[PDB]
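Written below as structure tokens is the structure these notes are about.
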Amino acid sequence: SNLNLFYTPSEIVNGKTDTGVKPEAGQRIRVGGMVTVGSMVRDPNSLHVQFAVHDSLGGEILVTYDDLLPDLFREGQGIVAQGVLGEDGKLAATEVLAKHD
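In structure tokens:
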């Protein structure tokens with residue numbers, strides 16, 4: 032089966048996907064961290080959407096999404112996104128759970 036585990040965005044930059052050392056494009060993981068106010072950008076297409084997400088670790092990872100996000104993905108909260116690493120540096124995620132409450 033495909034595993035499922037939650038990891039910090041800032042972690043999964045430095046010496047991880049970006050640098051392709053430990054993880055690799057192919058594995059499914061969940062990024063979990065805080066979205067910055069100006070992070071969310073949608074296409075005029077209105078199906079393609081991408082967002083930067085970060086943590087106190089002071090690294091920002093870009094996540095890409097290829098349908099309409101739930102609640103348009105409201106900014107300035109902390110969500111979890113499940114995705115597979117595919118874009119040797121970016122992660123393709125469609126299962127975002129905004130359990131911020």
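Position 18 of the sequence shown, counting from 1, maps to 49 under PDB author numbering, and the rest follow consecutively.
We put the beta carbon where it would ideally sit given N, CA and C, even for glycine.
* Asked: Leaving out five residues before and five after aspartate 49 in sequence, what residues of the same chain have Cβ atoms less than 6 angstroms from its Cβ?
  -> Here the question's residue 49 lines up with position 18 in the sequence shown. Excluding positions up to five away in sequence, the list reads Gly120.
* Looking at the structure shown, is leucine 103 part of a helix, part of a strand, or coil, going by DSSP? -> Reading the sequence shown from its first residue, position 72 is the one you call residue 103. In the structure shown, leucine 103 sits in a helix (DSSP, three-state: H, G or I).
* Asked: What do you get for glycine 107, buried or exposed, if any count of 16 or more other CB atoms within 10 angstroms of its CB means buried?
  -> The residue you call residue 107 lines up with position 76 of the sequence shown. Exposed is the call here.
* Asked: How many Å lie between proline 101 and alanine 129 at the Cα?
  -> Taking the first residue of the sequence shown as position 1, residue 101 is located at position 70. Taking the first residue of the sequence shown as position 1, residue 129 is located at position 98. Roughly 8 angstroms separates the two Cα atoms.
* Just the C-alpha distance for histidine 85 and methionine 65, rounded to the nearest angstrom, thanks. => Mapped onto the sequence shown, residue 85 falls at position 54. Mapped onto the sequence shown, residue 65 falls at position 34. Each residue's alpha carbon lies about 6 angstroms from the other.
* **Span separating the alpha-carbon of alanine 112 from that of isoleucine 43** => The residue labelled residue 112 in the question sits at position 81 within the sequence shown. The residue labelled residue 43 in the question sits at position 12 within the sequence shown. Those two C-alpha atoms are separated by around 13 angstroms.
* To do: Please indicate yes or no: does the CB of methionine 65 lie closer than 7 angstroms to some heavy atom of the ligand GDP?
  => This structure lacks the ligand GDP, and indeed carries no ligand of any kind.
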